[PDB]
Every structure is written in structure tokens, then in C-alpha cells.
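What follows is the content of run.txt, which has compact mmCIF, C-alpha atoms:
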```
# COMPACT_ATOMS: atom_id res chain seq x y z
CA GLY M 189 89.71 -7.18 0.10
CA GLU M 190 91.89 -9.95 1.51
CA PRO M 191 92.04 -12.93 -0.90
CA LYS M 192 90.70 -15.50 1.58
CA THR M 193 90.22 -18.63 -0.53
CA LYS M 194 87.50 -21.04 0.58
CA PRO M 195 87.49 -23.94 -1.96
CA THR M 196 91.15 -24.60 -1.11
CA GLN M 197 90.48 -25.92 2.40
CA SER M 198 87.31 -27.64 1.17
CA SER M 199 89.03 -29.57 -1.64
CA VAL M 200 91.47 -31.16 0.82
CA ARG M 201 88.61 -32.60 2.89
CA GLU M 202 87.08 -34.22 -0.20
CA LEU M 203 90.36 -35.95 -1.09
CA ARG M 204 90.78 -37.27 2.46
CA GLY M 205 87.18 -38.52 2.47
CA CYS M 206 87.77 -40.97 -0.39
CA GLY M 207 91.42 -41.97 -0.04
CA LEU M 208 93.57 -39.43 -1.89
CA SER M 209 96.39 -37.06 -0.99
CA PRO M 210 97.09 -33.74 -2.75
CA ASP M 211 100.66 -33.17 -3.91
CA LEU M 212 100.61 -30.31 -6.44
CA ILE M 213 99.39 -26.71 -6.14
CA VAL M 214 96.26 -25.63 -8.03
CA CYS M 215 95.12 -22.01 -8.24
CA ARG M 216 93.35 -19.58 -10.55
CA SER M 217 93.32 -15.77 -10.45
CA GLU M 218 93.43 -12.76 -12.76
CA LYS M 219 95.81 -10.32 -11.02
CA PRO M 220 99.10 -10.63 -9.08
CA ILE M 221 98.17 -11.11 -5.42
CA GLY M 222 100.38 -10.54 -2.40
CA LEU M 223 102.78 -13.01 -0.81
CA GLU M 224 100.82 -13.14 2.47
CA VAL M 225 98.53 -15.85 1.04
CA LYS M 226 101.20 -17.94 -0.73
CA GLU M 227 102.26 -19.62 2.53
CA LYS M 228 98.65 -20.29 3.57
CA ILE M 229 98.19 -23.11 1.04
CA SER M 230 101.61 -24.65 1.72
CA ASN M 231 100.89 -25.52 5.36
CA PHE M 232 97.42 -26.84 4.50
CA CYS M 233 98.84 -29.13 1.79
CA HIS M 234 102.25 -30.01 3.33
CA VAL M 235 104.07 -28.81 0.20
CA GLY M 236 106.89 -26.38 -0.55
CA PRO M 237 106.30 -22.64 -0.28
CA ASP M 238 108.40 -21.94 -3.41
CA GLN M 239 106.15 -24.13 -5.60
CA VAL M 240 102.89 -22.15 -5.36
CA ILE M 241 101.42 -21.26 -8.76
CA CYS M 242 100.02 -17.71 -8.95
CA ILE M 243 98.42 -17.62 -12.40
CA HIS M 244 96.79 -14.36 -13.49
CA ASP M 245 94.93 -15.50 -16.60
CA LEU M 246 92.75 -12.87 -18.27
CA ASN M 247 91.33 -13.93 -21.63
CA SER M 248 94.21 -15.16 -23.84
CA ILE M 249 96.96 -17.80 -23.82
CA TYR M 250 100.23 -15.84 -23.43
CA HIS M 251 99.53 -15.27 -19.71
CA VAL M 252 100.88 -18.75 -18.86
CA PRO M 253 104.47 -19.14 -20.18
CA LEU M 254 105.47 -15.85 -18.50
CA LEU M 255 104.90 -17.44 -15.07
CA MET M 256 106.75 -20.76 -15.43
CA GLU M 257 110.03 -18.89 -16.02
CA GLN M 258 109.75 -17.04 -12.68
CA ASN M 259 108.55 -19.54 -10.06
CA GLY M 260 110.41 -22.69 -11.08
CA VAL M 261 108.13 -25.44 -12.41
CA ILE M 262 109.77 -26.20 -15.77
CA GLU M 263 112.59 -28.12 -14.04
CA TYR M 264 110.61 -29.64 -11.15
CA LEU M 265 108.65 -32.11 -13.30
CA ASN M 266 111.80 -33.18 -15.18
CA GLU M 267 113.53 -34.71 -12.15
CA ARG M 268 110.23 -35.85 -10.59
CA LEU M 269 109.37 -38.42 -13.28
CA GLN M 270 112.91 -38.92 -14.66
CA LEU M 271 112.39 -37.82 -18.27
CA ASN M 272 114.63 -36.52 -21.03
CA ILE M 273 115.04 -32.83 -21.88
CA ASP M 274 116.47 -31.01 -24.92
CA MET M 275 118.07 -27.96 -23.33
CA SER M 276 118.87 -25.00 -25.58
CA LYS M 277 117.83 -21.67 -24.06
CA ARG M 278 115.50 -22.48 -21.15
CA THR M 279 114.43 -26.14 -21.01
CA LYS M 280 111.82 -25.86 -23.77
CA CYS M 281 111.91 -23.64 -26.85
CA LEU M 282 110.39 -20.26 -25.99
CA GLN M 283 111.37 -18.12 -29.01
CA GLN M 284 108.40 -19.55 -30.93
CA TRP M 285 105.87 -18.16 -28.43
CA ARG M 286 107.62 -14.84 -27.73
CA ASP M 287 107.37 -13.78 -31.39
CA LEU M 288 103.57 -14.18 -31.32
CA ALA M 289 102.93 -12.74 -27.83
CA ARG M 290 104.81 -9.43 -27.89
CA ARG M 291 103.96 -8.71 -31.53
CA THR M 292 100.23 -9.16 -30.83
CA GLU M 293 100.07 -6.33 -28.26
CA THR M 294 101.73 -3.86 -30.68
CA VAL M 295 98.91 -3.48 -33.24
CA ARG M 296 95.75 -1.38 -33.14
CA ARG M 297 92.99 -0.19 -35.45
CA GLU M 298 89.68 0.00 -33.55
CA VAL M 299 87.62 -0.67 -36.68
CA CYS M 300 83.85 -1.07 -36.39
CA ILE M 301 83.12 -4.79 -36.85
CA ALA M 302 79.59 -6.11 -36.30
CA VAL M 303 78.99 -9.76 -35.38
CA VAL M 304 75.73 -11.61 -34.74
CA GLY M 305 75.44 -14.34 -32.13
CA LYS M 306 72.26 -15.40 -30.33
CA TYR M 307 72.03 -13.79 -26.88
CA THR M 308 73.75 -10.95 -25.03
CA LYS M 309 75.84 -13.04 -22.59
CA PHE M 310 78.73 -15.44 -23.23
CA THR M 311 77.10 -18.12 -25.37
CA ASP M 312 78.63 -21.19 -27.06
CA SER M 313 78.48 -19.92 -30.66
CA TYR M 314 81.85 -18.11 -30.69
CA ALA M 315 83.90 -19.38 -27.74
CA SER M 316 86.53 -21.07 -29.93
CA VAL M 317 85.86 -18.97 -33.05
CA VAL M 318 86.98 -15.51 -31.87
CA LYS M 319 90.26 -16.97 -30.55
CA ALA M 320 91.47 -18.76 -33.69
CA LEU M 321 90.69 -15.84 -36.03
CA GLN M 322 92.65 -13.35 -33.90
CA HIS M 323 96.00 -15.12 -34.32
CA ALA M 324 95.66 -15.35 -38.11
CA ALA M 325 94.95 -11.60 -38.34
CA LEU M 326 98.49 -10.69 -37.23
CA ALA M 327 99.84 -10.75 -40.80
CA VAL M 328 97.96 -7.53 -41.66
CA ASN M 329 98.60 -5.81 -38.29
CA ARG M 330 94.93 -4.89 -37.92
CA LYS M 331 92.74 -5.21 -34.82
CA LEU M 332 89.03 -6.08 -35.05
CA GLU M 333 86.62 -4.68 -32.46
CA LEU M 334 83.93 -7.21 -31.53
CA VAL M 335 80.48 -6.03 -30.46
CA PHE M 336 77.25 -7.73 -29.32
CA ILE M 337 74.28 -7.71 -31.71
CA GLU M 338 71.30 -9.94 -30.89
CA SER M 339 69.11 -11.15 -33.75
CA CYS M 340 66.24 -12.35 -31.53
CA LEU M 341 64.89 -8.97 -30.37
CA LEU M 342 64.87 -7.33 -33.80
CA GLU M 343 61.75 -8.63 -35.56
CA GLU M 344 58.15 -7.76 -34.64
CA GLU M 345 58.78 -8.44 -30.93
CA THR M 346 60.73 -5.16 -30.61
CA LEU M 347 59.33 -2.84 -33.29
CA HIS M 348 55.78 -3.29 -31.99
CA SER M 349 56.73 -3.19 -28.29
CA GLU M 350 59.47 -0.71 -27.34
CA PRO M 351 61.67 0.52 -30.25
CA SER M 352 64.85 0.87 -28.20
CA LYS M 353 67.07 -2.18 -28.83
CA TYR M 354 66.31 -2.20 -32.59
CA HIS M 355 67.48 1.10 -34.10
CA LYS M 356 70.62 1.06 -31.92
CA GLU M 357 71.97 -2.21 -33.35
CA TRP M 358 71.81 -0.87 -36.92
CA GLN M 359 74.14 2.02 -36.00
CA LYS M 360 77.20 -0.27 -35.76
CA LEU M 361 76.90 -2.21 -39.04
CA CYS M 362 76.14 0.24 -41.88
CA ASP M 363 79.78 1.39 -42.15
CA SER M 364 81.38 -1.88 -41.02
CA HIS M 365 83.67 -4.06 -43.13
CA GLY M 366 82.93 -7.60 -41.91
CA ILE M 367 79.32 -8.73 -41.50
CA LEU M 368 78.80 -12.32 -40.37
CA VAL M 369 75.78 -14.63 -40.57
CA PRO M 370 74.24 -16.25 -37.46
CA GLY M 371 72.29 -19.50 -37.48
CA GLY M 372 68.86 -20.72 -36.42
CA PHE M 373 67.27 -22.00 -33.20
CA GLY M 374 63.97 -23.58 -34.23
CA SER M 375 61.64 -20.59 -34.51
CA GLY V 189 91.53 33.07 -16.16
CA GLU V 190 91.28 36.77 -15.35
CA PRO V 191 88.15 38.30 -16.94
CA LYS V 192 89.94 41.08 -18.82
CA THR V 193 87.29 42.87 -20.88
CA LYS V 194 88.34 44.56 -24.13
CA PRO V 195 85.16 46.00 -25.74
CA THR V 196 84.56 48.06 -22.58
CA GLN V 197 87.54 50.39 -23.07
CA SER V 198 86.90 50.44 -26.83
CA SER V 199 83.24 51.48 -26.55
CA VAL V 200 84.15 54.59 -24.54
CA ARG V 201 86.44 55.84 -27.32
CA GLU V 202 83.65 55.54 -29.89
CA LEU V 203 81.20 57.53 -27.74
CA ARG V 204 83.74 60.28 -27.04
CA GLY V 205 84.62 60.48 -30.75
CA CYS V 206 81.08 61.45 -31.78
CA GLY V 207 79.66 63.62 -28.97
CA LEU V 208 78.26 61.21 -26.38
CA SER V 209 79.02 60.39 -22.75
CA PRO V 210 78.30 57.00 -21.13
CA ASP V 211 76.53 57.11 -17.78
CA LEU V 212 75.14 53.61 -17.13
CA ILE V 213 76.95 50.28 -16.72
CA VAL V 214 76.56 47.60 -19.40
CA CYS V 215 77.85 44.06 -18.89
CA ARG V 216 77.09 40.45 -19.80
CA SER V 217 78.30 37.24 -18.17
CA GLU V 218 77.08 33.81 -17.06
CA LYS V 219 78.53 33.21 -13.57
CA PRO V 220 79.15 35.49 -10.57
CA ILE V 221 82.70 36.73 -11.18
CA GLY V 222 84.94 38.24 -8.51
CA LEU V 223 84.95 41.81 -7.24
CA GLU V 224 88.47 42.52 -8.54
CA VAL V 225 87.06 43.67 -11.91
CA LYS V 226 84.08 45.71 -10.69
CA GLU V 227 86.32 48.66 -9.79
CA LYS V 228 88.07 48.45 -13.17
CA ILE V 229 85.07 49.72 -15.14
CA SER V 230 84.09 52.38 -12.59
CA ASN V 231 87.32 54.37 -13.03
CA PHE V 232 87.16 54.08 -16.83
CA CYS V 233 83.61 55.50 -16.88
CA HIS V 234 83.83 57.85 -13.84
CA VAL V 235 80.61 56.45 -12.37
CA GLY V 236 79.52 55.00 -9.04
CA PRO V 237 81.34 51.85 -7.90
CA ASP V 238 78.19 50.46 -6.24
CA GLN V 239 76.17 50.61 -9.49
CA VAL V 240 77.99 47.95 -11.53
CA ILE V 241 75.64 45.34 -13.01
CA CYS V 242 76.87 41.72 -12.81
CA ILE V 243 74.28 39.82 -14.84
CA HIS V 244 74.82 36.06 -14.95
CA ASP V 245 72.27 35.15 -17.62
CA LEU V 246 72.38 31.55 -18.84
CA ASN V 247 69.42 30.65 -21.05
CA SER V 248 66.18 31.69 -19.28
CA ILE V 249 64.51 34.81 -17.88
CA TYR V 250 64.47 34.33 -14.07
CA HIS V 251 68.20 35.19 -13.86
CA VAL V 252 67.44 38.94 -13.99
CA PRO V 253 65.01 39.94 -11.17
CA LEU V 254 67.17 38.18 -8.56
CA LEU V 255 70.02 40.65 -9.24
CA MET V 256 68.13 43.96 -9.03
CA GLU V 257 67.24 43.17 -5.40
CA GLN V 258 70.93 42.82 -4.43
CA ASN V 259 72.87 45.61 -6.16
CA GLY V 260 70.40 48.49 -5.94
CA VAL V 261 69.05 49.60 -9.32
CA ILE V 262 65.28 49.48 -8.69
CA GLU V 263 65.43 52.71 -6.64
CA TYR V 264 68.16 54.51 -8.62
CA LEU V 265 66.02 55.13 -11.72
CA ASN V 266 63.05 56.29 -9.62
CA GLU V 267 64.78 59.40 -8.25
CA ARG V 268 66.82 59.92 -11.44
CA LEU V 269 63.83 60.77 -13.66
CA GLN V 270 61.37 61.76 -10.89
CA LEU V 271 58.61 59.18 -11.48
CA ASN V 272 55.86 57.67 -9.36
CA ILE V 273 56.15 54.30 -7.62
CA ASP V 274 53.56 51.95 -6.07
CA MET V 275 55.47 50.51 -3.12
CA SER V 276 54.14 47.31 -1.55
CA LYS V 277 56.87 44.75 -0.88
CA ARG V 278 59.93 45.89 -2.86
CA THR V 279 59.17 48.71 -5.32
CA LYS V 280 57.61 46.49 -7.99
CA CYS V 281 55.57 43.34 -7.44
CA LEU V 282 57.80 40.28 -7.17
CA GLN V 283 55.42 37.54 -5.95
CA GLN V 284 54.25 37.01 -9.54
CA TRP V 285 57.74 35.97 -10.66
CA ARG V 286 58.78 34.09 -7.51
CA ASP V 287 55.90 31.61 -7.86
CA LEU V 288 57.02 30.62 -11.37
CA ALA V 289 60.72 30.52 -10.44
CA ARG V 290 60.67 27.79 -7.78
CA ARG V 291 57.89 25.82 -9.50
CA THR V 292 59.99 25.55 -12.68
CA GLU V 293 63.23 24.25 -11.13
CA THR V 294 61.41 21.54 -9.11
CA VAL V 295 59.92 19.47 -11.96
CA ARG V 296 61.54 16.67 -13.94
CA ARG V 297 60.64 13.73 -16.17
CA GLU V 298 63.54 13.13 -18.60
CA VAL V 299 61.14 11.85 -21.27
CA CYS V 300 62.37 11.32 -24.83
CA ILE V 301 61.01 14.09 -27.08
CA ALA V 302 62.12 14.33 -30.72
CA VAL V 303 61.91 17.70 -32.48
CA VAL V 304 62.86 18.48 -36.08
CA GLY V 305 64.24 21.86 -37.13
CA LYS V 306 66.63 22.30 -40.05
CA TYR V 307 70.35 22.19 -39.24
CA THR V 308 72.31 21.11 -36.16
CA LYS V 309 73.38 24.52 -34.82
CA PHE V 310 71.21 27.28 -33.31
CA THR V 311 68.94 28.14 -36.23
CA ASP V 312 65.99 30.57 -36.41
CA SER V 313 63.21 27.96 -36.58
CA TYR V 314 62.74 27.50 -32.81
CA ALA V 315 64.38 30.46 -31.04
CA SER V 316 61.11 31.86 -29.65
CA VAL V 317 59.18 28.57 -29.86
CA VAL V 318 61.07 26.48 -27.28
CA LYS V 319 60.74 29.27 -24.70
CA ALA V 320 56.99 29.91 -24.88
CA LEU V 321 56.05 26.21 -24.78
CA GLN V 322 58.15 25.59 -21.65
CA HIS V 323 56.15 27.96 -19.45
CA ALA V 324 52.80 26.45 -20.48
CA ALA V 325 54.13 22.94 -19.77
CA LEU V 326 54.42 23.72 -16.04
CA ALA V 327 50.76 22.86 -15.38
CA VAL V 328 51.45 19.13 -15.80
CA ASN V 329 54.79 19.34 -13.93
CA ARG V 330 56.58 17.39 -16.67
CA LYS V 331 59.91 18.14 -18.35
CA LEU V 332 60.44 17.59 -22.09
CA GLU V 333 63.99 16.76 -23.19
CA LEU V 334 64.82 18.54 -26.45
CA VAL V 335 67.13 16.90 -28.99
CA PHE V 336 68.38 17.73 -32.50
CA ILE V 337 66.98 15.92 -35.55
CA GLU V 338 68.27 17.06 -38.94
CA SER V 339 65.98 16.51 -41.93
CA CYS V 340 68.48 17.57 -44.62
CA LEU V 341 71.03 14.73 -44.55
CA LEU V 342 68.57 11.86 -44.22
CA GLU V 343 67.39 11.10 -47.77
CA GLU V 344 69.48 9.45 -50.49
CA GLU V 345 72.50 11.69 -49.75
CA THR V 346 73.16 9.79 -46.50
CA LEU V 347 71.95 6.23 -47.13
CA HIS V 348 74.33 5.87 -50.09
CA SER V 349 77.32 7.52 -48.39
CA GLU V 350 77.45 6.79 -44.63
CA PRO V 351 74.07 5.29 -43.64
CA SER V 352 75.24 4.84 -40.03
CA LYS V 353 74.23 8.43 -39.26
CA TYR V 354 70.83 7.83 -40.89
CA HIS V 355 69.92 5.28 -38.20
CA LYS V 356 70.86 7.73 -35.42
CA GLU V 357 67.77 9.96 -35.49
CA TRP V 358 65.34 7.02 -35.76
CA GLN V 359 66.33 5.81 -32.28
CA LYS V 360 65.07 9.03 -30.65
CA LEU V 361 61.83 9.46 -32.65
CA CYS V 362 60.36 5.94 -32.63
CA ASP V 363 60.46 5.75 -28.83
CA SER V 364 59.39 9.37 -28.29
CA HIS V 365 55.75 10.28 -27.68
CA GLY V 366 55.64 13.58 -29.58
CA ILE V 367 56.82 14.06 -33.17
CA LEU V 368 56.70 17.49 -34.80
CA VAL V 369 56.74 18.52 -38.47
CA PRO V 370 59.51 20.74 -39.92
CA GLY V 371 59.08 22.87 -43.03
CA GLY V 372 60.65 23.24 -46.46
CA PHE V 373 63.63 25.14 -47.90
CA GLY V 374 63.13 25.02 -51.66
CA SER V 375 64.46 21.59 -52.64
```
Could the structure of this file be written out as C-alpha cells, please?
Amino acid sequence: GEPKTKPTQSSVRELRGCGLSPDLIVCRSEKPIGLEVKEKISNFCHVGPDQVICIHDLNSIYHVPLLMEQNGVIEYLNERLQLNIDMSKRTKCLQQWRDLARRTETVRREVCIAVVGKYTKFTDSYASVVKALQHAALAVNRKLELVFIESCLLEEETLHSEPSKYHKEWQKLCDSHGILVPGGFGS
Amino acid sequence: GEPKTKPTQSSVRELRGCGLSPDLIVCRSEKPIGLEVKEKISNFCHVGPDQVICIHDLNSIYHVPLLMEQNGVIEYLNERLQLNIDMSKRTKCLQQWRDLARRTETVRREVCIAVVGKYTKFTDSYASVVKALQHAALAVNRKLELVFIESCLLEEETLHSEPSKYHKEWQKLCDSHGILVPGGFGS
């Protein structure tokens, strides 16, 4: 249960074995962890304890600007490289991202939408497609529920073998509103 | 949560209003209720408190002989009408029913079996059919899972309206091993 990170102490050895020295703090998580592990990386990297990034990314993009305004990294890189800054509200303009982040989590519909990919796991046919179409659907305030329908096991390989994964896929597309078209992988 | 019975006190008024007098105890339940209500019916009928029947019938037939051996009704009717009795183990022979009671609740298979009746509620097309076939299926020690397949809303009245429900019954009949034939109600 304790978040004991292993690649952290292993990445420092690789940098020392070639002729490099780590200066920043790199991390990746999905839930706010305790403060008992924030000071563990500082002593192993000889950095400041108040500069540890605790990112809890899930599956969108609005889980990043909410962290920079709490730790204190938006003003550290300004005086580190001596660059200009157009101050107005908080270093950079944030009102443009707040109007699209809070408004997104206030809509719901749960409409049956059937999509066709290729396999059942996370493939590469809709990694950047399902993300761009979700932001443009905020004008109608409607949420689309994405499912997983495989077109491979649907022909004679399923109807002749075990008719279990065939008749179930047709139960989520007869009353749907948006039916997509897949592609083609040889034969 | 208190099992307050109403037709009990109302049935006594109907018998007294015509020239009858109740003597036995009639009841119907599904789970062993407490003893706080067994003395409520005895004073309303002026009968014996140790002769109240607490039947907990669910949906079979073996939930009846297990109660007569606990309350005490198998010997009450013998001396009430002065009749003969062939004593051996406990008034009547019980070994014939005890062999089919434990052998029934110790078999399982969970196999997909699709049956077609008429509607979706408890109709009159399989009331006495699903009970007789279950006892004869004990020789193979296999359990048949009964479902509900409606043949009315399946033709053109469903495919044109909401065909999502049409593809629901086909998932349980194509994979099943036994398919029955319904009947015909006019048109």
C-alpha cells in the first residue's frame, strides 16, 4: 500500500553512468498521495522539497493546470532562465482553460453510442480521435457513451463456433444515434 | 415489519355470519416468522396454541413434510377421527421423500436453456410443466436454467420500432442446447 517508487532511484544511476546530473522533479500518478514520500525524492536528487510535482493525471487534460497553481512552478522557470512574463491574473492567462474545464463536467446524457474499432484493448485507431471530438460536443451539452464493439469476431468465425460474442454486440447499436465505420486489416 | 394479518380476523366474521365455526389453523408464508404472532390467532379462534401451522412454502413441494414433524399435526388427526395408522418410523413413511430432498439440492450445472411460452409474466402455458420435468431430470444430476423468451413482440412489430429488444432473446437461444416450440393464439 505504501507508494515505494523503484524507477526513481534507478533513473539516477543511469544519469551518473553516462555523465549527467538530474535537476528537475519527474513523477506520474493518478491519485493524491501522502506527503511522507515527497521528501524521499528530494534527498535522492539534492533538490528542494517544495518543488516536487505530484501529478494525478487520469484520462483528460484539465488535470494539469490545477496543480501548477498550488505547488509553485509557474514562477520558478521564469527567474531560472531570465525570460519575460505578461502578468495579469496569475502569470499566464487561465480564464481560457477554466471555462472549458468546469463546464465539461456539468453535462450528462448517457446516450447509447456504438463505435467499431479493431480489437478489445486500447488500440491505435481512436487514441487521438475520441479526445478531439469530445471538446467540440460541448456546444450541445450532450455526453456520448463509448462502448467496445469488435468487427473481427462477428463473421463465420463466431456464428459457427460459439454464438456468444455475436448477438450481444447487436444489442447496443439498433437504437443508437451515431454508427461509425471501421477500416480494413488485409483479410 | 410486523406481520399483521388482516384476512384472518375477517374470515372469522364471515363464518360466524352464516352458521359455521372454524376449528383448524390456516396460514401461508415463505420464511419462519417469529413467535410473537402465533398467539395472536389462537385467541381469535379459541383453539390450541401449540397447533398453529407456520408453512414457509417457496416454490417447490419439499417445504411441507419438514414442518409436520416439528409442530405436531401428524398425530392430531389420527385420534380426532379415530382412524388406523401403520407406524414404522414416524407415523407415515418419510424415507421416500427424504431421498429426493437432499439429492435435489445437491446438483448444479448452470447451463443455458431457452424456453418459449407466451408473455413475460407467470402465464398458464408452463405452470405444471416446469415442475414435472424437474423431478425426472435428477437422474442425470444436471440443472437446467429457465429463462423467458417472448414470441409475440419479435416479428415486424419490434424490428421496425425498437429492434434492440429483438436481439435480446437470440443471445440465449443460439448458445443453448435445447429449444422448445410454443403454440399459437389466433393471429
Which residues of chain M come within 9 Å of chain V, and for each one, what is the closest pair of atoms and their distance in Å to one decimal, counting all atoms listed in the file, sorted by chain and residue number, as a Markdown table?
```
| residue | atom | partner | partner_atom | distance |
| --- | --- | --- | --- | --- |
| M:347 | CA | V:362 | CA | 8.9 |
| M:350 | CA | V:363 | CA | 6.7 |
| M:351 | CA | V:363 | CA | 5.6 |
| M:352 | CA | V:359 | CA | 6.6 |
| M:353 | CA | V:359 | CA | 8.7 |
| M:354 | CA | V:359 | CA | 8.0 |
| M:355 | CA | V:359 | CA | 5.2 |
| M:356 | CA | V:359 | CA | 6.4 |
| M:358 | CA | V:355 | CA | 6.6 |
| M:359 | CA | V:352 | CA | 5.0 |
| M:360 | CA | V:352 | CA | 6.9 |
| M:361 | CA | V:352 | CA | 7.3 |
| M:362 | CA | V:352 | CA | 5.0 |
| M:363 | CA | V:352 | CA | 6.1 |
```
*Which residue gives the smallest distance to residue 259 (chain M) among M:297, M:290, M:280, M:226, with all atoms listed in the file counted?*
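Checking each of M:297, M:290, M:280, M:226 against residue 259 (chain M), counting all atoms listed in the file, the winner is M:226.
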*Rounded to one decimal place, report the CA of residue 258 (chain M)-CA of residue 273 (chain M) distance in Å.*
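Between these atoms lies a distance of 19.0 Å.
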*Please identify all polymer residues within 10 Å of residue 298 (chain M), counting all atoms listed in the file, omitting same-chain residues fewer than 5 positions from it, and present them as a PyMOL selection string.*
chain M and resi 330-334
*From the set M:253, M:191, M:260, M:366, which residue has the shortest atom-to-atom contact distance to residue 225 (chain M), counting only C-alpha atoms?*
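Ranking M:253, M:191, M:260, M:366 by distance to residue 225 (chain M), first place goes to M:191.
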_Please compute the CA of residue 291 (chain V)-CA of residue 314 (chain V) distance, one decimal, in Å._
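One can read the CA of residue 291 (chain V) to CA of residue 314 (chain V) distance as 23.9 Å.
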_Superposition RMSD [C-alpha atoms, order-paired], chain V onto chain M_ = 0.4 Å
Just need the box for region 198-210 of chain M, edges along x, y and z, holding every atom the file lists for it with 5 Å tacked onto each side, so centre and edge lengths in Å to one decimal, as lines of an AutoDock Vina configuration file.
```
center_x = 92.1
center_y = -34.8
center_z = 0.1
size_x = 20.0
size_y = 24.3
size_z = 15.6
```
*Could you please determine the separation between CA of residue 346 (chain M) and CA of residue 315 (chain M) in Å, to one decimal place?*
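Separation of CA of residue 346 (chain M) and CA of residue 315 (chain M): 27.3 Å.
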With a distance cut-off of 12 Å and only C-alpha atoms, select the neighbouring residues of residue 329 (chain M), excluding the residue or stretch itself and same-chain residues fewer than 6 positions from it, and output the selection as a tab-separated table (two decimals) with C-alpha atoms, keeping the file's coordinate frame.
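Dumped to out-v8.tsv:
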```
chain	number	residue	atom	x	y	z
M	288	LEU	CA	103.57	-14.18	-31.32
M	291	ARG	CA	103.96	-8.71	-31.53
M	292	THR	CA	100.23	-9.16	-30.83
M	293	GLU	CA	100.07	-6.33	-28.26
M	294	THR	CA	101.73	-3.86	-30.68
M	295	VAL	CA	98.91	-3.48	-33.24
M	296	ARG	CA	95.75	-1.38	-33.14
M	297	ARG	CA	92.99	-0.19	-35.45
M	298	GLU	CA	89.68	0.00	-33.55
M	322	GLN	CA	92.65	-13.35	-33.90
M	323	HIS	CA	96.00	-15.12	-34.32
```
_All residues 12 Å or closer to region 232-236 of chain M, only C-alpha atoms, same chain fewer than 4 positions away omitted, as a VMD selection string_ = chain M and resid 196 to 201 203 to 204 209 to 214 225 to 228 240 to 241 259 to 261 264
Selection to disk with C-alpha atoms, as an mmCIF file, in the coordinates of the input:
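File written: selection.cif
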```cif
data_model
loop_
_atom_site.group_PDB
_atom_site.id
_atom_site.type_symbol
_atom_site.label_atom_id
_atom_site.label_comp_id
_atom_site.auth_asym_id
_atom_site.auth_seq_id
_atom_site.Cartn_x
_atom_site.Cartn_y
_atom_site.Cartn_z
ATOM 1 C CA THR M 196 91.150 -24.600 -1.110
ATOM 2 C CA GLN M 197 90.480 -25.920 2.400
ATOM 3 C CA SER M 198 87.310 -27.640 1.170
ATOM 4 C CA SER M 199 89.030 -29.570 -1.640
ATOM 5 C CA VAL M 200 91.470 -31.160 0.820
ATOM 6 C CA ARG M 201 88.610 -32.600 2.890
ATOM 7 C CA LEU M 203 90.360 -35.950 -1.090
ATOM 8 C CA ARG M 204 90.780 -37.270 2.460
ATOM 9 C CA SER M 209 96.390 -37.060 -0.990
ATOM 10 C CA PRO M 210 97.090 -33.740 -2.750
ATOM 11 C CA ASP M 211 100.660 -33.170 -3.910
ATOM 12 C CA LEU M 212 100.610 -30.310 -6.440
ATOM 13 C CA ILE M 213 99.390 -26.710 -6.140
ATOM 14 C CA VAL M 214 96.260 -25.630 -8.030
ATOM 15 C CA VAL M 225 98.530 -15.850 1.040
ATOM 16 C CA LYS M 226 101.200 -17.940 -0.730
ATOM 17 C CA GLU M 227 102.260 -19.620 2.530
ATOM 18 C CA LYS M 228 98.650 -20.290 3.570
ATOM 19 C CA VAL M 240 102.890 -22.150 -5.360
ATOM 20 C CA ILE M 241 101.420 -21.260 -8.760
ATOM 21 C CA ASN M 259 108.550 -19.540 -10.060
ATOM 22 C CA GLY M 260 110.410 -22.690 -11.080
ATOM 23 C CA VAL M 261 108.130 -25.440 -12.410
ATOM 24 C CA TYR M 264 110.610 -29.640 -11.150
#
```
*Which of these, M:252, M:338, M:246, M:190, has the shortest distance to residue 223 (chain M) once you count all atoms listed in the file?*
M:190
*Pick out the closest residue to residue 300 (chain V) from this set: V:193, V:335, V:344, V:249. Count only C-alpha atoms.*
V:335
Grab region 197-239 of chain M from that structure and dump C-alpha atoms to a file, as a JSON list (two decimals), in the first residue's frame.
```
[["chain", "number", "residue", "atom", "x", "y", "z"],
["M", 197, "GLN", "CA", 16.38, 5.53, -7.63],
["M", 198, "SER", "CA", 17.21, 3.58, -10.81],
["M", 199, "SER", "CA", 17.00, 6.60, -13.12],
["M", 200, "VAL", "CA", 19.60, 8.48, -11.07],
["M", 201, "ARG", "CA", 22.14, 5.67, -11.52],
["M", 202, "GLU", "CA", 21.70, 5.77, -15.31],
["M", 203, "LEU", "CA", 22.38, 9.52, -15.43],
["M", 204, "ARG", "CA", 25.52, 9.15, -13.31],
["M", 205, "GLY", "CA", 26.73, 6.28, -15.51],
["M", 206, "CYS", "CA", 26.97, 8.46, -18.62],
["M", 207, "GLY", "CA", 27.79, 11.92, -17.29],
["M", 208, "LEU", "CA", 24.53, 13.70, -16.42],
["M", 209, "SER", "CA", 23.01, 15.24, -13.31],
["M", 210, "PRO", "CA", 19.26, 15.44, -12.59],
["M", 211, "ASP", "CA", 17.92, 18.86, -11.61],
["M", 212, "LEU", "CA", 14.12, 18.78, -12.01],
["M", 213, "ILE", "CA", 11.47, 16.51, -10.47],
["M", 214, "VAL", "CA", 9.65, 13.99, -12.67],
["M", 215, "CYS", "CA", 6.68, 11.96, -11.45],
["M", 216, "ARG", "CA", 3.45, 10.38, -12.68],
["M", 217, "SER", "CA", 0.46, 9.19, -10.65],
["M", 218, "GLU", "CA", -3.34, 9.14, -10.76],
["M", 219, "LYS", "CA", -4.40, 9.99, -7.18],
["M", 220, "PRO", "CA", -3.17, 12.41, -4.49],
["M", 221, "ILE", "CA", -0.57, 10.55, -2.43],
["M", 222, "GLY", "CA", 0.65, 11.40, 1.05],
["M", 223, "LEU", "CA", 3.44, 13.77, 1.99],
["M", 224, "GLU", "CA", 5.59, 11.00, 3.50],
["M", 225, "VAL", "CA", 7.05, 10.21, 0.06],
["M", 226, "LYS", "CA", 7.53, 13.79, -1.17],
["M", 227, "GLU", "CA", 10.76, 14.20, 0.83],
["M", 228, "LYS", "CA", 12.11, 10.82, -0.31],
["M", 229, "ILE", "CA", 12.90, 12.05, -3.83],
["M", 230, "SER", "CA", 14.36, 15.37, -2.64],
["M", 231, "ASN", "CA", 17.26, 13.82, -0.71],
["M", 232, "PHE", "CA", 17.99, 11.36, -3.54],
["M", 233, "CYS", "CA", 18.15, 14.19, -6.10],
["M", 234, "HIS", "CA", 19.58, 17.02, -3.94],
["M", 235, "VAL", "CA", 16.67, 19.31, -4.83],
["M", 236, "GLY", "CA", 14.12, 21.36, -2.91],
["M", 237, "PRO", "CA", 11.30, 19.63, -1.04],
["M", 238, "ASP", "CA", 8.77, 22.31, -2.08],
["M", 239, "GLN", "CA", 9.36, 21.65, -5.81]]
```
